[PDB]
């Protein structure tokens, strides 16, 4: 029998502020396909992973190519074959082995940021560390002036806040303009005087990227690759603050910190859904969606679906295997997944090395702002002696 009765929920009502497990369970139990505020949400593992793996049918470009004549969103908003070329070009720069060479530098800068905090006996971990750490390391990785961090964070925040909004303010437009001008100058310089950095090297070789391609990639990294890590830092420190024995076991334990970070990305993925638009009719859960349907693939829900011991609502350090789709799946799987793991494991290890014992401030209940453009904690007040 076919499915003619589409479930509908109001997104803003999902019980998501306090516990993402309750929120995703509410959505998952509404059905395999759930219509919320213009989009068809695919909630079940079999459909989500098949859809992520089928770019011909579930297009990223149709969901993510901006209107007007913007910079190309390389590679997020491309489908094969163009996407395949982009990922082939970028893969070597983002591999675990390539990024491992940056580790002494990233570690040095992480230690410095922790140094400035540890003597206070308190911090608000989002404003004081999580919101700053990703851009600091980005400047280090890509060879940008360290003194530009304040301006760049301001620009990033303004651009993220204004995206997909009908009436941008004059301050928003100016911030977008200043960021674009700043990045344009940087890429042009790297094309004329290439160094042994990524943004220089991608513009040289047998198949190089154009200036406009590197400009679009640079914008995408800033808008997509930084706040995601910020969010994950907050959840990492929250769980450590309220689990003393886990904290103690993880200190000076890179093997177990790796596992912990996988659990944080599994359970609180910073981008819990991926948008696509269908290119032809498809049947999911017995229900046929016409061509051109806007869908959202629910990776965070799938990560919690209970189908095995690695997909529960609990933080699970045990078990031989840890696996998940918090970095997505299929060909668009997070280009920066290896960098995110490096940065998060580095932050946890170095935090524990200088601040092994800490706790949540009194009467603090962790929540996200929901609905909003962020799945990050609103704030995270920490205390230590």
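Positions refer to the first chain, counted from 1.
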| property | result |
| --- | --- |
| 20-28 versus 368-376 - which carries the larger mean C-alpha B factor in the record | 368-376 |
| Higher-B stretch (mean Cα B-factor, as the entry records it), 75-83 or 155-163 | 155-163 |
| Selection from 278, 230, 201, 136 [criterion: highest C-alpha temperature factor in the record] | 201 |
| Most elevated Cα B-factor in the entry, residues 123, 111, 264, 295 | 111 |
| Relative C-alpha B-factor of residue 304, binned into the chain's lowest, middle or highest third | lowest |
| Relative C-alpha B-factor of residue 44, binned into the chain's lowest, middle or highest third | middle |
| Residue 268 by Cα B-factor - lowest, middle or highest third of the modelled chain | middle |
| Chain-wide C-alpha B factor ranking for residue 331, given as lowest, middle or highest third | lowest |
| Ranked against its chain, the third holding the CA B-factor of residue 65 | highest |
